[PDB]
Amino acid sequence: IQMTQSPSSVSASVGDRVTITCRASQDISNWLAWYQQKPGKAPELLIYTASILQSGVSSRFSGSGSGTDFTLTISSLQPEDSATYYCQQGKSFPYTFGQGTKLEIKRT
Amino acid sequence: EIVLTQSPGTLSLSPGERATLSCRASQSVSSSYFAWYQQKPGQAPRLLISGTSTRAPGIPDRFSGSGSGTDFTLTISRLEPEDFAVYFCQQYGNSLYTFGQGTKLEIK
Amino acid sequence: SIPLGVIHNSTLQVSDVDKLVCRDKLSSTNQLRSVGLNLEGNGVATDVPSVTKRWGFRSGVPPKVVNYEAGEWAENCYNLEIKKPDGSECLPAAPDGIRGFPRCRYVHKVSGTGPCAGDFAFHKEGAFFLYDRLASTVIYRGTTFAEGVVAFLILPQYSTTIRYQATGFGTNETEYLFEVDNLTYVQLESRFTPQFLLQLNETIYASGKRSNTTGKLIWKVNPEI
Amino acid sequence: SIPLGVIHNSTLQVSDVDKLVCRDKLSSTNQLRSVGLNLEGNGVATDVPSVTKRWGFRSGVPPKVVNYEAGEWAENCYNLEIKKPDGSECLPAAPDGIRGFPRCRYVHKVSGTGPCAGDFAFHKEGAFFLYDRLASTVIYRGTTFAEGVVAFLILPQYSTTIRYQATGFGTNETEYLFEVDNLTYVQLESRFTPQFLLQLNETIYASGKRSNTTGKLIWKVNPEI
Amino acid sequence: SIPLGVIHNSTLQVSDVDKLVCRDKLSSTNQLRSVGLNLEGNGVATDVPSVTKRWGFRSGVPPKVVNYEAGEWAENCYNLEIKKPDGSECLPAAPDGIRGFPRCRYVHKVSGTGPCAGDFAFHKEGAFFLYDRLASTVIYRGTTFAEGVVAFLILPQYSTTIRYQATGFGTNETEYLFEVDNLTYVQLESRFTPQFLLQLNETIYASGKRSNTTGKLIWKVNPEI
Amino acid sequence: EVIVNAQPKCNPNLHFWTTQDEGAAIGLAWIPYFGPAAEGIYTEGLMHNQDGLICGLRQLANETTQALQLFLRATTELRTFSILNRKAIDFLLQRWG
Amino acid sequence: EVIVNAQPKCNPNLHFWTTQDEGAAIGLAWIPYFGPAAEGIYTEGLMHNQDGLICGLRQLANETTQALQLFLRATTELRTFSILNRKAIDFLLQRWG
Amino acid sequence: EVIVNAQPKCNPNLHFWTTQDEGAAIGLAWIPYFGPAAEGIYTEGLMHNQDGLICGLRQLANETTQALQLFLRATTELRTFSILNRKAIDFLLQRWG
Amino acid sequence: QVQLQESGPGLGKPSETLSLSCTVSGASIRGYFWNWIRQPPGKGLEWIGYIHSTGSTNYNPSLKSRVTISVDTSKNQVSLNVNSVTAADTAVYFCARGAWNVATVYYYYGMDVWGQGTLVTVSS
Amino acid sequence: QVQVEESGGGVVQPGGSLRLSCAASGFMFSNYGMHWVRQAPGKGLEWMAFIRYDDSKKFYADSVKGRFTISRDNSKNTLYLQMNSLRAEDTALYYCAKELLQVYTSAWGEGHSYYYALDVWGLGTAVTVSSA
Ligand SMILES: *[C@@H]1O[C@H](CO)[C@@H](O[C@@H]2O[C@H](CO)[C@@H](O[C@@H]3O[C@H](CO[C@H]4O[C@H](CO)[C@@H](O)[C@H](O)[C@@H]4O)[C@@H](O)[C@H](O[C@H]4O[C@H](CO)[C@@H](O)[C@H](O)[C@@H]4O)[C@@H]3O)[C@H](O)[C@H]2NC(C)=O)[C@H](O)[C@H]1NC(C)=O
Ligand SMILES: *[C@@H]1O[C@H](CO)[C@@H](O[C@@H]2O[C@H](CO)[C@@H](O[C@@H]3O[C@H](CO[C@H]4O[C@H](CO)[C@@H](O)[C@H](O)[C@@H]4O)[C@@H](O)[C@H](O[C@H]4O[C@H](CO)[C@@H](O)[C@H](O)[C@@H]4O)[C@@H]3O)[C@H](O)[C@H]2NC(C)=O)[C@H](O)[C@H]1NC(C)=O
Ligand SMILES: *[C@@H]1O[C@H](CO)[C@@H](O[C@@H]2O[C@H](CO)[C@@H](O[C@@H]3O[C@H](CO[C@H]4O[C@H](CO)[C@@H](O)[C@H](O)[C@@H]4O)[C@@H](O)[C@H](O[C@H]4O[C@H](CO)[C@@H](O)[C@H](O)[C@@H]4O)[C@@H]3O)[C@H](O)[C@H]2NC(C)=O)[C@H](O)[C@H]1NC(C)=O
Ligand SMILES: *[C@@H]1O[C@H](CO)[C@@H](O)[C@H](O)[C@H]1NC(C)=O
Ligand SMILES: *[C@@H]1O[C@H](CO)[C@@H](O)[C@H](O)[C@H]1NC(C)=O
Ligand SMILES: *[C@@H]1O[C@H](CO)[C@@H](O)[C@H](O)[C@H]1NC(C)=O
Ligand SMILES: *[C@@H]1O[C@H](CO)[C@@H](O)[C@H](O)[C@H]1NC(C)=O
Ligand SMILES: *[C@@H]1O[C@H](CO)[C@@H](O)[C@H](O)[C@H]1NC(C)=O
Ligand SMILES: *[C@@H]1O[C@H](CO)[C@@H](O)[C@H](O)[C@H]1NC(C)=O
Ligand SMILES: *[C@@H]1O[C@H](CO)[C@@H](O)[C@H](O)[C@H]1NC(C)=O
Ligand SMILES: *[C@@H]1O[C@H](CO)[C@@H](O)[C@H](O)[C@H]1NC(C)=O
Ligand SMILES: *[C@@H]1O[C@H](CO)[C@@H](O)[C@H](O)[C@H]1NC(C)=O
Ligand SMILES: *[C@@H]1O[C@H](CO)[C@@H](O)[C@H](O)[C@H]1NC(C)=O
Ligand SMILES: *[C@@H]1O[C@H](CO)[C@@H](O)[C@H](O)[C@H]1NC(C)=O
Ligand SMILES: *[C@@H]1O[C@H](CO)[C@@H](O)[C@H](O)[C@H]1NC(C)=O
């Protein structure tokens, strides 16, 4: 199983709109979980099953997908959103992850 | 034609013992198509072991039976008071069912 | 050569063409039938965890197909859709002229995945896979069949669908699931009649114990029941 | 069973195999022919608005194909290319081994659209659709056929293309067009011989009354002529 | 009709069914075999520049296939992959049920290009192209065959691959190349045994005279050797 | 028995097209590479009426249609090629015993 | 000879499904356009046991399996339709001489 | 009649490859899942010359080629499998009457 | 969970026709063996006959002259008729399902499931 | 309350062995299946291994088949990872993580598992494979 995050590195200011699409070599159709690893921290789960938001996380994080073509969408950026963004395989073992999109937040 | 003669006519045994009821075919059969029933009084008969050794579903494992030529047994180890009924020998073969009289079994 | 039977005063004999039985006259091609008989008759076990040990994969052998003219009514019919782990199909699609086996009590529709080391699916005891008036020796994808063999003769003069899932199909470690819907289901155990499962989906649709989420659902069954 | 004929002093009899006609000896397989005969012989109407009421669509039935060995010379041969309104083809493409019906006077090539409620195209009177030495019971896309049936026997011892169009094919309200070129044409009426249409394209190519634009062109015909 | 042979005291006669030879009894269908015999037996030249003058292209004729039941062991088997100059394949892909010719000494695998004026590849002397128990009259792409014909009877009671290349295939001006690997090779001349070529790749893999570049490599051979 | 026509109209003249049933191999015509195309492998002929063979023949065809349809429903073959062989075996079995 | 069953279990009652072998063309049912679908072209019946025809029959099937497999390995056809015709020709050849 | 060879060269020794025509089902080899591959289902043998059966045989093949081509042009089947059955029916019809 | 419901008149009249009815709840008739069983009270069981859903029927030879059995797939009902009854026919009556097997479970022509059974009396 | 914490790190010689200890507190440890993943020290994150809660499957990535072994003890409420035959690429960051799972029992006398994903992580110990 092969997953590929596209694009690789995004830098934008506070309040901007970030869309990251993960891809899959084969069909999984909703089985993906969205992570957020602030550097030095643990990856915080954002959206599991590719469309359902984790509790404890605000509704600025959205996005969906179908088949092999799954997208995260940040409706508005925060200064705490400077993080490396992750995908998770969900259907077949072994798992594999996205390569990691290091979102940089342009701060004051 | 085929007459199923049970032996003995009655049983009266203690709990935990082993009751062995056999029935004799009036003819040579060699067709393992049999059935042992439990007629609770006021109730329809209920299948225990069909096909001369095959336990029916729902039947607790303390029932067994076998036989080859004309004598065909039914064996209950570890006698329980809930087995108090009259038991029936049955033969199917050449497009016809046939029965015997039966044997009253009594748990002490 | 291929042996052959004969009816004579309602008694089945081997049609000895090696030592010709001249007393039994063959007057028309209507007197020839080709009948197919199910493995349900012999008494082989019919539930799926007993079934898919009789099946197996192989490459390098071509498949073959022979027809017949009448068959048994069946009690269990099977169907498969197995994907290779890289997302492709293990089983070849059915060429045309194939329809499903037409008189079936229950259809054990089975999907899922497995390693699929080989090209085709053969029967380990050399039986046939009975399709619509066409015995084959392979499994076509998505076409409901039954198991059994074919006997040759010389003559005198609706359904109900049950869906499964499977992981690691073919090996001796394949796990089996029921399906209630595409999210809610329950793991199988060997002591389960299908009527128990019919009471189970009726119970679950009554008590509403379905998916109200987006994930997959695996019940187990009460170990003392 | 399937009935059969026999020639005897140039007189056709039903080949009674039920009560064997021992006087007529069958000495070789060359003495067996399988002939196909057209519905032009019986006198059915042959023009297209009389034709396509005999045709109709159906799903859920498999098609069949039988061969023969000789046929009539034909006077009218047909051909179809009908699209579903969502852009797909109504008729299945021809599998291999099919060639067109080989001796035809005129080819009534017909294209256009229709509702196409079903899978295949069957003949309502149960006739065959005669292809190259292969009677079928369906219409393949784009393969010129003729109508007729097949008789069995025991023996003793170029073309011209006419293009149409059609809208709402299959129903009883289907309109019919001629074609002069891919823009210029003329609506059909029932009183029209094809020779009238041959004089019509020759007249139009003489008088130049074609498209000199980019749109479609529908003439009608003089109602008193 | 199709002629036929017969064995009688180990002597081959034409099976005269026109004047029936009643003394020779036909008792079973096992007594019928259908055998295929190679053109290596007659003594036709077998090297490729003598071979591909016997082949040729044609359109407008359908292909045919007949089976047999036993064949000669062969000494030379051929194989083709020829591309049209616009990048498409000259030869049709093999339909199913075709396997290669199964007992071959050497396989003359030949690839390259040619004009390919036609649909199919026919044999100019009307021979067959022997596949696995299936004589055909065309060449399928990529399926190893041998040349020969088929005789009919009534009965009494590993390999080694040699790769070529070709440019302008089919015409009388086709050039022929050997292949050592996908870059290194050597032009052919008529006086060359294949054992000479076996010593040649063994010599070249010994002396290392291969490609150590990215281009194509064409040796010639010593004109006095 | 002699079949009586029941149809309204009946053409009493055929025009038959068939394969060249046997042909002298004149030189190289039999080889397919020198062979004619598909449009040229045929032969044709007429058939003058010989006491209503043609109208009885077409009536025979219309009588055969129903049984042939019911036969073709009963099989699973795409291309039934073996009716004549089967009926020859029927003839030999009924005459043999 | 009479075949003796060797199997552990054997159902002594069949339930046969087959094509309507012959059928009266009641009006227009024989035409395929008015014909029933694929699920409706069949007929069925039972077969009460007549001195073990059924158990001997299944034993016959299990005896035929090996030779049928070795026959089907030997051919190159996808869909062998001609076993019965071949065995009828075998019968006629062995009885003829 | 005895056919006389007309060819320039003729190999007087065959080397035959054929299917295992009958074979003892040794255990489980007959089941295809335990069966050998396609390269292993064959058998082979020689044929020493027995007064020119082989050269007459090849001459017979070259004589059959033209009629077989003209037969295969005449059909519409892709894969003609029924020549032998047809010629057996020819034999029985000509000997019957 | 399949259920079988017997029904019929409790009282008879000798030399008349006695009709009964077994009604299927929970499954189909189509494809199985459906029985009738006589039980005189205090006696053994007497088997009467069976009909299969094709309409083929077999009888006990003791009652071959007397009775007849029919089935209705439309109303999903199984019917028993006894012609020219007598007082000896007073018994408890049963219907039972003798298939070879349902889906996974072999029954070997045992009788798996039963109706509750009715006492029917022929008298003046 | 939900406590997932790594322990047992250090430096081990190549080919050596080490057992990690991921302790658990705050949830039904005997009801939830557990995971191990691996982050390279300066690169992206990848997966290693898991075990099912009933102890029915000990499934591993392609890199460490024949190298590592998962056990787990529902008595101690502690996830284990036995490492064996260590190699230089195993010098990395190691996480133990809890799966995203909800259990309902309200249909009859048997529960359930809502299989989604992985949700709750540990801090992360790092092991260096070096002879030192
Ligand atoms: C014609 O009628 C005969 C009647 O005998 C049927 O015979 C069967 O033949 C097959 C093989 O030809 C037998 O299958 C083998 O059975 C052995 C013993 O069976 C016991 O063990 C199995 C294991 O599951 C139990 O299920 C069974 O109840 C018995 O307790 C097994 O040892 C064999 O298994 C071995 O080989 C297989 C091959 O892959 C491996 O997978 C296994 O791991 C193991 O190593 C094998 O299963 C079968 O038992 C015979 N049955 C009877 C009743 O005799 C034929 O089936 C029938 N012909 C046709 C075409 O139907
Ligand atoms: C064997 O030879 C017989 C000789 O009788 C031919 O018989 C034909 O059989 C078909 C049906 O089997 C007949 O078709 C029907 O004709 C009825 C009466 O025909 C009149 O009406 C039609 C309507 O267009 C006129 O064209 C015709 O000239 C007559 O004036 C019609 O009432 C029927 O139509 C009804 O059913 C169809 C079914 O879809 C509906 O579409 C209609 O709306 C309507 O409800 C039907 O058309 C035909 O008339 C018979 N011909 C003769 C001469 O008797 C067989 O054709 C032939 N067998 C074969 C295989 O060729
Ligand atoms: C049955 O057995 C007979 C035995 O006679 C075989 O007969 C062969 O028949 C073919 C044609 O039917 C002959 O082929 C022709 O040969 C002519 C003379 O051959 C000389 O020239 C060729 C040219 O290469 C030399 O190779 C050969 O050694 C001779 O020196 C040629 O003139 C013909 O070529 C002409 O036509 C072709 C057609 O395309 C053109 O391409 C050429 O340019 C040229 O114009 C043709 O080649 C063959 O010679 C006969 N052989 C023998 C031994 O008689 C049959 O082959 C055999 N049947 C089967 C089916 O195998
Ligand atoms: C059957 O399962 C056991 C369980 O581990 C395994 O060891 C064995 O290899 C399996 N059988 C086959 C043929 O793989
Ligand atoms: C399950 O089936 C329903 C019924 O249409 C469908 O809407 C839903 O999308 C399906 N679930 C998935 C995960 O595809
Ligand atoms: C379970 O029961 C419901 C009853 O409405 C039915 O619709 C559903 O298809 C059943 N499931 C299966 C697999 O039979
Ligand atoms: C529906 O979801 C809610 C929230 O998880 C849960 O409390 C409830 O029990 C669910 N319904 C059923 C029938 O389980
Ligand atoms: C025939 O056309 C009329 C005209 O409106 C229409 O009412 C009728 O439905 C059509 N026939 C059919 C079968 O649709
Ligand atoms: C009509 O045919 C001419 C002839 O080639 C062609 O050039 C033209 O494009 C066609 N018209 C349309 C609308 O395709
Ligand atoms: C009409 O006549 C011209 C004459 O040149 C011909 O080319 C054209 O094809 C004709 N159209 C039809 C449909 O026959
Ligand atoms: C050609 O087009 C012009 C402009 O519409 C028109 O006047 C003329 O009549 C056309 N030609 C013909 C033959 O109609
Ligand atoms: C054979 O080659 C010569 C050499 O130029 C050429 O002139 C001739 O046309 C070729 N033969 C054919 C049939 O093209
Ligand atoms: C030649 O073959 C080698 C062997 O794999 C391959 O690596 C190389 O790319 C090939 N050359 C070309 C030009 O494809
Ligand atoms: C040439 O010889 C080498 C020997 O190792 C062999 O591998 C290679 O395949 C040979 N080439 C051909 C075309 O036989
Ligand atoms: C390898 O390439 C170099 C540079 O062209 C050349 O000198 C050398 O001869 C080549 N090797 C062989 C074996 O030709």
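Protein chains in written order, with the authors' numbering: chain M, 2 to 109; chain S, 1 to 108; chain C, 32 to 188, 214 to 281; chain B, 32 to 188, 214 to 281; chain A, 32 to 188, 214 to 281; chain E, 502 to 598; chain F, 502 to 598; chain D, 502 to 598; chain P, 1 to 124; chain J, 1 to 132.
Just so you know, even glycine gets a beta-carbon here, dropped at the ideal spot from N, CA and C.
Item checked: C-beta contact flag for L515(E) and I555(E) at 9 Å -> Result yes, Cβ atoms of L515(E) and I555(E) sit closer than 9 Å.
Note to self: Under 9 Å, Cβ to Cβ, is there at least one residue of chain D near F582(E)?
What the structure shows: Yes, because at least one Cβ of chain D sits closer than 9 Å to the Cβ of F582(E).
Check: Got a sec: is the Cβ-Cβ distance from residue 31(A) to anything in chain F below 9 Å?
Finding: Limits of chain A in this structure are 32 at one end and 281 at the other, which puts residue 31(A) out of reach.
Check: What are the residues of the stretch 534-548 of chain D that lie near chain C, defined by any Cβ-Cβ distance shorter than 9 Å?
Finding: Residues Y534, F535, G536, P537, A538, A539, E540.
Checklist line | Nearest candidate by alpha-carbon position, reference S65(B), set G553(E), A539(E), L569(E) | finding: With distances taken between Cα atoms, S65(B) lies closest to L569(E).
Margin query: Below 8 Å on the Cβ atoms is my contact criterion, and I expect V2(P) with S25(P) to pass it. Report the Cβ-Cβ distance as a whole number of Å.
Written below: Between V2(P) and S25(P) a beta carbon distance of about 7 Å is seen, short of the 8 Å cut, so the two are scored as contacting.
Check: How is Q100(M) classed by DSSP in three states: helix, strand or coil?
Finding: Looking at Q100(M) - three-state DSSP - the assignment turns out to be coil, as it is neither helix nor strand.
Next item on the list: Between the Cα of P250(C) and those of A152(C), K56(C), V75(C), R136(C), spot the shortest distance and give me the residue it belongs to.
Entry: Checked all of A152(C), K56(C), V75(C), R136(C); the closest Cα to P250(C) is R136(C).
Check: With distances taken from each beta carbon to the nearest heavy atom of ligand 11, which residues come in below 6 Å, in chain order?
Finding: Output, sorted by chain position: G264(B), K265(B), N268(B).
Notebook entry, point to check: Residues in the stretch 570-598 of chain D with C-beta within 7 Å of chain B's C-beta atoms, listed in sequence order?
Noted result: Along the stretch 570-598 of chain D, going in chain order, the ones with a CB nearer than 7 Å to a CB of chain B are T577, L579, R587, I590, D591, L594, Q595, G598.
Checklist line | DSSP three-state assignment for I33(A), whether helix, strand or coil | finding: Three-state DSSP puts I33(A) in coil, outside helix and strand.
Checklist line | Residues bridged to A97(J) [DSSP beta-bridge criterion] | finding: By DSSP's assignment, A97(J) forms a beta bridge with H35(J), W121(J).
Notebook entry, point to check: For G117(P) and chain C, any beta-carbon pair shorter than 9 Å?
Noted result: No, no contact with chain C.
Notebook entry, point to check: At a CB-CB cut-off below 7 Å, which residues of chain D make contact with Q560(F)?
Noted result: None at all; the shortest Cβ gap to chain D is about 17 Å.
Notebook entry, point to check: Pick out every residue whose C-beta is nearer than 7 Å to a heavy atom of ligand 2: which are they, in chain order?
Noted result: My final list is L70(B), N73(B), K84(B), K155(B), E156(B), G157(B), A158(B), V180(B), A507(E), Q508(E), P509(E), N563(E), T566(E), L529(F).
Next item on the list: Taking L253(C) as the query, report the chain J residues whose CB atoms sit under 8 Å from its CB, ordered along the chain.
Entry: Going along chain J, no residue has its Cβ under 8 Å from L253(C), so there is no contact; the nearest lies around 14 Å.
Margin query: Counting only beta-carbon separations shorter than 9 Å, does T97(M) have a partner in chain C?
Written below: With 9 Å as the cut-off, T97(M) does not count as an interface residue toward chain C.
Notebook entry, point to check: Near ligand 13, which residues have their beta-carbon less than 7 Å from any of its heavy atoms, given in chain order?
Noted result: Taking each Cβ in turn, the ones that pass are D237(A), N238(A), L239(A).
Next item on the list: Report the neighbours of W518(E) on chain D: residues whose CB is nearer than 7 Å to its CB, in chain order.
Entry: Think of a sphere of 7 Å around the beta carbon of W518(E): no beta carbon from chain D falls inside it, the nearest being about 13 Å out.
Margin query: By the three-class DSSP mapping on this structure, what secondary structure does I170(B) have?
Written below: If DSSP states are grouped into helix, strand and coil, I170(B) belongs with coil.
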